[PDB]
């Protein structure tokens, strides 16, 4: 059953065809500065396996890799591109990425290897990576005969499956979406990840010194009040101290045991002095372990940078994801937490960090897709949307909007932007489910078009089996017809939410592509570093700030044209923090 291929000990010209399936295998989960364990090429002249030491030292082969006119089909081309970049080799000519094509067709499948993509088209002549490399501590690179057999099979799979995947994409009107958005974005993200973001480790260290000392003062206080020592970080042990020794009221339960969540503890504070200290300890400990120690661990001692990996094929919404480290959840709301952004600094001297973000892009998209007259008018006037929503659902004038009136209208808007349940809204507002439902009806009276959109979208999801975004991204909702309430409700909310959330993802992605083209046209040394959902972060020389202030907002605003304007704020400073 062993597939036929040539185990080459040198590169020959028939391997350098102008159309091929290419596999550049990087087995380590984190591909930055990682090894390339083997290469496989499949083309019209046959199947070949090449060793990396041979192939990546061959001037002919490396030229072929870098020749854009030489077309290549791959799975997860960003992985290969970046790993080759740490070796000083460019990858060009990728006209088809099977990971990304599988992702656009159905993100639900969770395709993470060639074998999983292949199964979609009834192709099983390839093994899953987990079956070949193993998993966990047992994860090893197998012997050359096995390795080579596996890579050729993945290449043959890519070679066979290109055509059927492009055909379905074509039928779904997702062919441009792959060739003009997702694949070009791959390249951009590859540069961003390679560039990395410079970190002030000393700053982080002296921060970790401050927390350390504070945690110790707070850890002791907790024991004194507890009258003993326990692991505060153990929900089970804390629950015994709180709810048995101190006899505190049990407000919420967990399948595991007593609930020790901040929202619960917030209400227990009045009963005992130990409660506020525990809250304080957890946030300090959250900050210390997730963002100080976690960050320091992934900083490269050589470059003194952090090189994230963006997962472009994970979410069902279409948003990018970030790992090792996740830079999309760096603390902002609390001042103690915000100061973590001071540690991110420009990669060169006399450079500054530049941040641009969309202002309420999700609500603006909603106005566009729903065509609500009132919501559209509100953004055309560039009103404070939250204050305006408070004016309508409480039937009062701007002078009359109290801070609490605005906080609650904000929560309702938030529930729409993220698709939370009425049960969700009530928990957030610390109010009854019935009142929460009352708020929503009240919002729909003020915003008839959105109500209309919610009704119509759910219906469409039921009729077609999926919902789409502005740029033709697609999400299937099988549980829409489910006869179980909670399951059906989630599916309805995802039907409502994805077109809003997904379309915003679409717009930022097209802006990244447009911005990259303009940066190049303008001959600016400025470069994309990060993407955090609503915002793009850049670094550039201070001499470019004035040009970028004008330039970067313009590109983001003109990415797509909607029925309402798009608004972008920008800032810049000596640190990411300072770009506020």
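Numbering follows the first chain given and starts at 1. Under this definition, the rigid core comprises the largest set of C-alpha atoms superposing within 1.5 Å between the forms.
S.K.: Rigid core superposed, root mean square over structures and residues, which stretch has C-alphas farther from this form in 5 other deposited structures of this protein, 411 to 419 or 440 to 448?
M.R.: Clearly, after the core fit, the stretch farther away in 5 other deposited structures of this protein is 411 to 419.
S.K.: Given a rigid core fit, name the stretch, 222 to 230 or 150 to 158, whose C-alphas are on average farther from the form shown here in 5 other deposited structures of this protein.
M.R.: Taking the RMS over all superposed structures in 5 other deposited structures of this protein, 222 to 230 lies farther out.
S.K.: Identify the stretch, either 408 to 416 or 207 to 215, whose C-alpha atoms have the larger mean B-factor according to the entry.
M.R.: Comparing averages over the C-alpha atoms only gives 207 to 215.
S.K.: Report the stretch with the higher mean CA temperature factor, choosing between 279 to 287 and 172 to 180 on the basis of the entry.
M.R.: Taking the mean C-alpha B-factor of 279 to 287 and of 172 to 180, the larger value falls to 279 to 287.
S.K.: Highest Cα temperature factor in the entry, among the options 359, 308, 311, 482: which one is it?
M.R.: In this record, 482 carries the highest C-alpha B-factor of the candidates.
S.K.: For the listed 467, 508, 320, 440, which has the peak Cα B-factor recorded in the PDB entry?
M.R.: Of 467, 508, 320, 440, 440 has the highest C-alpha B-factor.
S.K.: State the tercile, meaning the lowest, middle or highest third, of residue 25 with respect to the CA B-factors recorded for its chain.
M.R.: According to the entry, residue 25 has a C-alpha B-factor in the chain's lowest third.
S.K.: Give the position of residue 463 by CA B-factor within its chain, expressed as the lowest, middle or highest third.
M.R.: Its C-alpha B-factor belongs to the middle third of this chain's values.
S.K.: Among all modelled residues of this chain, ranked by Cα B factor, put residue 11 in the bottom, middle or top third, i.e. lowest, middle or highest.
M.R.: Highest third of the chain for residue 11's C-alpha B-factor.
S.K.: Relative to the other modelled residues of the same chain, rank the CA B-factor of residue 194 and answer lowest, middle or highest third.
M.R.: Lowest third.
S.K.: Give the position of residue 43 by CA B-factor within its chain, expressed as the lowest, middle or highest third.
M.R.: Its C-alpha B-factor belongs to the middle third of this chain's values.
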